[PDB]
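K.L.:
structure of the sequence below:
(8 chains)
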Amino acid sequence: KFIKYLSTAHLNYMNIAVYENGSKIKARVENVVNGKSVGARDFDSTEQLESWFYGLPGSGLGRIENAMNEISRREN
Amino acid sequence: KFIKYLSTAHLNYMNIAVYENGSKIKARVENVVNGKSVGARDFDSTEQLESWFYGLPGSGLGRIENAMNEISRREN
Amino acid sequence: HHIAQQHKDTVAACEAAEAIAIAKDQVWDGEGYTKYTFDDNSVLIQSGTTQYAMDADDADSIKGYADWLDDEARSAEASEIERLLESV
Amino acid sequence: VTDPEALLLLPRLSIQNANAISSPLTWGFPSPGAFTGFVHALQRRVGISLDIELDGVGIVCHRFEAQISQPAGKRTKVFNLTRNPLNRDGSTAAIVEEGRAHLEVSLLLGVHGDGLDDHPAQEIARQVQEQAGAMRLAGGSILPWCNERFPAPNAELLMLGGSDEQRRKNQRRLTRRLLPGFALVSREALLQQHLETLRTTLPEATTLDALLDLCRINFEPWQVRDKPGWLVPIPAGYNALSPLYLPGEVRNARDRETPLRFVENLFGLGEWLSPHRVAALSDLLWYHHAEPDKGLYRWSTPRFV
Amino acid sequence: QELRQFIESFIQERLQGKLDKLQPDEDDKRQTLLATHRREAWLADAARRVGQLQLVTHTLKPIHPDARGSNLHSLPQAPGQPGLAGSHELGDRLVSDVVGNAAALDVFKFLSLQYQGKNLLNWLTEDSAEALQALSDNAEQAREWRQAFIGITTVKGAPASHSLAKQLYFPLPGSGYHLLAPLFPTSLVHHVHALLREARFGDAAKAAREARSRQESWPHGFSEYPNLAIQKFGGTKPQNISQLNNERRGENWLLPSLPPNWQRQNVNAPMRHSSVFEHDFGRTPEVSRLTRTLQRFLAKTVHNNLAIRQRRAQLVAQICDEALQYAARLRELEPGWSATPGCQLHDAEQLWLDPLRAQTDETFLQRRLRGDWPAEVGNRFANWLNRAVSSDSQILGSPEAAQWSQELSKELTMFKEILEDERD
Amino acid sequence: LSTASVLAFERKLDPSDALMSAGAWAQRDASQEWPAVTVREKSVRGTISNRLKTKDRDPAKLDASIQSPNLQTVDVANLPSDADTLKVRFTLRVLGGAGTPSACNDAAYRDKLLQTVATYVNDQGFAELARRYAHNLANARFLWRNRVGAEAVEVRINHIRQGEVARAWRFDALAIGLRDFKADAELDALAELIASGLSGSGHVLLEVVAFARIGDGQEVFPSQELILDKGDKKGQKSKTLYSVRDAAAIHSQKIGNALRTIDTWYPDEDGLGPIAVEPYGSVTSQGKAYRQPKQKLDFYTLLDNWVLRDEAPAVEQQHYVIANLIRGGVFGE
Amino acid sequence: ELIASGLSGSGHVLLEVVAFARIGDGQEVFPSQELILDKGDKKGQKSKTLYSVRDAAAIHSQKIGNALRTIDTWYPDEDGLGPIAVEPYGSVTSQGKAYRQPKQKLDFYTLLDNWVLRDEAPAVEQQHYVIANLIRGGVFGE
Amino acid sequence: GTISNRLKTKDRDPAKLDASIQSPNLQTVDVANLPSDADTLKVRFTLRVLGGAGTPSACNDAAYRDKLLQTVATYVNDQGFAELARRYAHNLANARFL
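P.N.:
Numbers count the residues shown, from 1 in each chain, chains lettered A, B, ... in the order given. Sharing the structure here:
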């Protein structure tokens, strides 16, 4: 079910994990030591994941901070 | 539509152009070689343009540097 | 658990279960629940007339604890069902 | 509402650990009710023994630093709490939330009594300061003297007698020691004016409070609306809903001898100023009057304009 | 008599909600257990357990969670002041919601169907003949249940309080005290926070700030909220503090009440040449903000003279009084004013910003600068105001610069009049 | 005579926030113009070295989690590189009148309480409590971790009546023990000052200044602030430090915790040491609660048995109860 | 003997360490590098900041502290590479590898649990590893 | 800057490379160099050795903490700190911290 981590370096114990559900993938912002997640977002394929992710403003870990601030957004 | 340049000497490719829209004029800070503009400001008549412009602190091209730093101001 | 079986429709002895046992949870959605946690990790779901007495250290009784939920009640409660995914 | 003869001034009272919540809807600098209730506490500890009478208080507010935090780049703020001791059982407790400030404020006062004929000025001001040095000003402690005891001498000024040149002279001698601070008044007539301006659609006043202290961006067919001053929402009294109760009725009162009602606060408009705008410094003190036939309480500075 | 078409139809609809999970061995008892209850006994067992809830509009619990006592629905009067505002201005839109054991809110929604475009709530407190035509039951049933239905909107039966209820004395005009127990205005908090969440984002807010991205705005006006402060109730369990939805997970935030010196600075007058050369300006962002606001009142004619007759007179007082604040901040902070270069043009401003006397000062200090009432810095300050804001000559041909020159005349006159006693 | 449903005691021994400023030893008597210790940021690249479970643990997530570096931003406070002495300054008021509550329902219960406390003071003075308070000001309990591993710690205490100094004390914190309350002439003098303060016989304001040799450019330890950690937005930054206007500082209630470590009268073990005075006398770091209510040594049990029923406990437990009244708090139901 | 007399609590030990290196005239020195994050702002910014104190380049304290505790010559995998520093789940961030796996029985948590709770004393060099982790310090437990 | 990263050659046309090296890779960095008339780096720091390396600062259990102190005290009584201080002395001897 688990595929990979989205970033290669943890920014204060937090990282985005990429999961597989069948015909869709599940990106999920989560703590690493504990395991409990803070927000999630469902995509259809990994091409949508990389195509959406590489369009974010930033480079390196500013991109992963923007992605964690995007997936774990206050929904209301 | 175009009327004149506001200054008679370009300060590092940059100059203020004065345009006409009907019942109003449009001062616009712009590059000269390329053509793309950086900020703009709308006045009602040329008497407001010269009456506002000649009240700026400076003389010669210090006045046109203050005017370019005024029209192309960060609006927020 | 047994207190809602010898008194399965007696809500006065469920108020005695409020008198004896420990702290309480509430669930607000389109429906409405209260949850009575016990010392034996037994959480009584209470809703109007109907109820459910949960038995922990058993994931099948936690499936029965998830048999009393709307999907809006399952829009909440996900940090409570996944909280109980340890007990082996 | 009685005009005082003297204006006692406390120079630099630095609160450690104040209460920066002050209401369920406003946030920052604390209520005027703490600063008036402090004066009535001085009236219950000093004024009956030196035969004087303390009625109002003048907020000056030289310095203010709230223990806040702003992480994650958001444009909102959170608090900086403290710990509590462990559980009743021995694990941990819940977390209530409490505001906090490192305040420094100067306070004008108002004296009515006959103690001036019985005692000189330095005696009166010295007794009042050396009682106020052991109290708690707005829910937090009052910092004692240090190397900055150099402004710590008080002042006292009779207001009625004397020529007008001594009035404006010594008045400007007062306002050169309140010089970096910003005074605070109440300006509800402006709120009635804005009710009469926005009375085309709806005369509601709470939505006017929501539409005064904010940056109104009005676009062009964008122009920021010009603020006519440094206005601020403050709590301004109580508007009791329950009928009054006899003393020995409600369980868990403070004492079983004074009556009770259940109240809610009442929101008003206030304004921070420079002290040189004020015509006479006696028109700055915070009084509070009442009529307990109904639930209508308020703090105010009557006759400011 | 369509109340039987409310009760007897709506309970049947809730039975249709229970048809999704029905087995026949449980339907053998659920036939009479649902139908015989659904006619009469659902209101009996439901009416027996209404007192587990409590419908109030001001709750005591967000003051402290352990506190038990008196919650109040009572908002009978709006007798308030001519200028003061509160939760008496609600009138309509009364969001008053449920405090208590959440297991039995099915009664509450059943009482919510009474005000579905009808005046049957007064027929739920009275009007038993309307319950004789419509409900058509016995007098003990409908009248006893009608007695038992007011008991969710009223108190439990005795006034109470707690030692964590913020009880405060309040002195009277020459009389005793009234100790008062304040509450938390939950309906007002929910209403105002619904307004703030409508204002910060929504349909037209995203549209108009999208027009700020596009520079293509239309008739509309929005706003921005500086310095909202989050206050959180309940802790990790905002459920036990009642009424708090996922929209309000202990999320009551506060409008700011800061004094305008909350953001202090470091006073920029060291012995370096940069501040010593440009010392005549004395600017902050507030000074230049008021100066540019003063410049923006030049294209205002007499056609809208309600604003310019008032705001221009007040608008110049804050600049000179702000300069008094600049000498205030310079005065009691940096007492070190020793010898350095540039003591000829910064010598009149030195006697304007009169520092403390030196410790090595001899007897020739009551004659070196004793007669220094420096009225020349109102002239340099006048030149700084003249070069700062534009002085139009089309207002000089009119009487706008005679009245305007009168305003700067008397305002600089009163400024120097403050400057008359800088030493004496 | 039931208990009062509302009781509240205002605190005495009110400290302030301690300020830290660094300098050089033997420039110690001129410690008045020393610059403050500032709080700064630095980044920290560490590895993940906590405990990791075995349930719902894909080993790809495990080995992917261990083999990757962690990035983080913290706050530190260090001395300047040419200074080896920490200076910690705070003040202390001693109010006095430690029997009168600030809020009480009953009038008979309050008069019985004042007769009990006045009976205690008339039987024996405040000499014991002021002796132990004098020992906690003598050494450097209020230097919590800054004391650990130091060459020499010197404490200077001043008494203030006006813009002057009445009497100055100069101690040595390492010679004075951490666990052994031994008498001394100067500690009896300062204990007479504090005991004269708590009885209401005068006004007592003390200025406490502490000096510690740590090392050139070493690390000082201010008190740490709360990042609330409410669900989302954990943030890049960690370990924020408390401060005043451009100076590191310690909270006032932590010094106030360090002053009231009196209690050597636990039922469990008197071999560990004095830990501070609390009702249900507990230690948050150890996770234990000494002085259980299942025993008869709790503050509420002794106060109820000594006010309402005239059953006077042992003398040292009376020192415990009066120590809780000097602490103050919110009592009653 | 001085450091061993210091760690046993028999005295106070403060050392001053000064290092000298011939590199060359005008060559490049290597201070430690700070954290920046390229987010979405205007006109760009820097890409390499360096740690400093008041107008002097410097190295972080935890990097020197990393350089002091390179003890561990007792890996199960290979003792031919060299000593790399002492960590629970003994890992190298640059190499991307984690020696001393918990699937073996040489982890710090496994040896500490088997040596405190059950009195199963490990080999002597692993005891040097465990006491080295106690001199390192950390946040242990659940 | 320049172009020296790997490419997938799934969106790497031969015109895309020339277009990508028309592109600006302009950049601003920090350097630290010696002065031109100096050839020696000096690195100074201090070091405290505290001691008491068995006592934790926070522990729930009292029996587990006493068992831990008996284990560590058993270790120190069986053999000293000579090995660890020997290896620490070797890391201060050479220049690992450079």
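
K.L.:
so what's the residue positioned nearest the centre of chain A closest to, chain neighbours aside?
P.N.:
With distances taken as CA atoms, centre = their mean, residue A:16 lies nearest the centre of chain A, 3.5 Å away. Residue nearest to residue A:16 in three dimensions, not counting chain neighbours: residue A:6, with 3.9 Å by CB to CB, 6 or more residues apart in numbering or on different chains. Where C-beta positions appear, they are placed from N, C-alpha and C, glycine not excepted.

K.L.:
quick one: the residue nearest to the centre of chain A is in a strand?
P.N.:
Yes - assignment of residue A:16 by DSSP: H, G, I helix; E, B strand; the rest coil places it within a strand.

K.L.:
for it, give me its contacts.
P.N.:
The contact partners of residue A:16, by CB atoms under 8 Å, 6 or more residues apart in numbering or on different chains, come to A:5, A:6, A:7, A:27, A:28, A:29, A:30, A:64, A:67, A:68, A:71.

K.L.:
partner strands of the helix or strand harbouring the fifth one, with direction?
P.N.:
Remark: residue A:28 resides in strand A:25-31, with elements defined by DSSP states H and E. Under the criterion DSSP bridges, strand A:25-31 sits next to strand A:14-20 (antiparallel), strand A:37-43 (antiparallel) in its sheet.

K.L.:
spell out which parts of the stretch 151-300 of chain F neighbour chain G.
P.N.:
F:151, F:215, F:216, F:219, F:236 (CB under 8 Å from any CB of the partner chain).

K.L.:
most surrounded residue in these?
P.N.:
residue F:215 (20 neighbours; other CB atoms under 10 Å in any protein chain shown).

K.L.:
how much space is there between that residue and chain D?
P.N.:
Noted for residue F:215: a distance of 29 Å to chain D, by CB to the nearest CB, to the nearest Å.

K.L.:
chain C: strands as residue ranges?
P.N.:
Ranges of strands within chain C are C:24-28, C:32-37, C:43-47, C:50-53, based on DSSP state E.

K.L.:
show me what the longest one is packed against.
P.N.:
This means strand C:32-37. Judged by 3 or more CB pairs under 8 Å, 6 or more residues apart in numbering or on different chains; DSSP states H and E, strand C:32-37 is in contact with helix C:11-20, strand C:24-28, strand C:43-47.

K.L.:
now those as JSON lines including mean neighbour count and distance to residue E:230?
P.N.:
Shown next, in JSON lines, are the helices and strands packed on strand C:32-37 (neighbours: other CB atoms under 10 Å in any protein chain shown; distance: least, CB to CB, whole Å):
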{"stretch": "helix C:11-20", "mean neighbour count": "14", "distance to residue E:230": "34"}
{"stretch": "strand C:24-28", "mean neighbour count": "18", "distance to residue E:230": "21"}
{"stretch": "strand C:43-47", "mean neighbour count": "22", "distance to residue E:230": "31"}
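
K.L.:
out of these, the one nearest residue D:268 is which?
P.N.:
Proximity to residue D:268, assessed across the helices and strands packed on strand C:32-37 by CB to CB, is greatest for strand C:24-28 (34.5 Å).

K.L.:
the closest one versus strand C:43-47: what angle between them?
P.N.:
Angle, strand C:24-28 to strand C:43-47, by axes from the mean of the first three to the mean of the last three CA atoms, to 10 degrees: 40 degrees.

K.L.:
and the longest helix for chain D?
P.N.:
helix D:32-45 (DSSP state H).

K.L.:
hey, C-alpha coordinates of that one in CSV?
P.N.:
Taking Å, rounded to 0.1, in the frame of the first residue of the first chain, the C-alpha atoms of helix D:32-45 are listed here in CSV:
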residue,chain,number,x,y,z
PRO,D,32,-11.5,50.3,32.4
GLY,D,33,-13.3,48.4,35.3
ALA,D,34,-10.1,47.1,36.7
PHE,D,35,-8.7,50.6,36.8
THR,D,36,-11.8,52.1,38.5
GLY,D,37,-12.1,49.1,40.9
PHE,D,38,-8.5,49.6,41.9
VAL,D,39,-9.4,53.2,42.9
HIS,D,40,-12.4,52.0,44.9
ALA,D,41,-10.1,49.6,46.7
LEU,D,42,-7.9,52.5,47.6
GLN,D,43,-11.1,54.2,48.8
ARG,D,44,-11.7,51.1,51.0
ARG,D,45,-8.1,51.0,52.3
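
K.L.:
what packs against whichever helix or strand comes after that helix?
P.N.:
As assigned by DSSP H and E, the chain's next helix or strand after helix D:32-45 is strand D:58-59. Applying 3+ CB pairs under 8 Å, 6+ apart, one finds that strand D:58-59 contacts strand D:102-108, strand D:183-186.

K.L.:
good, we can wrap up now.
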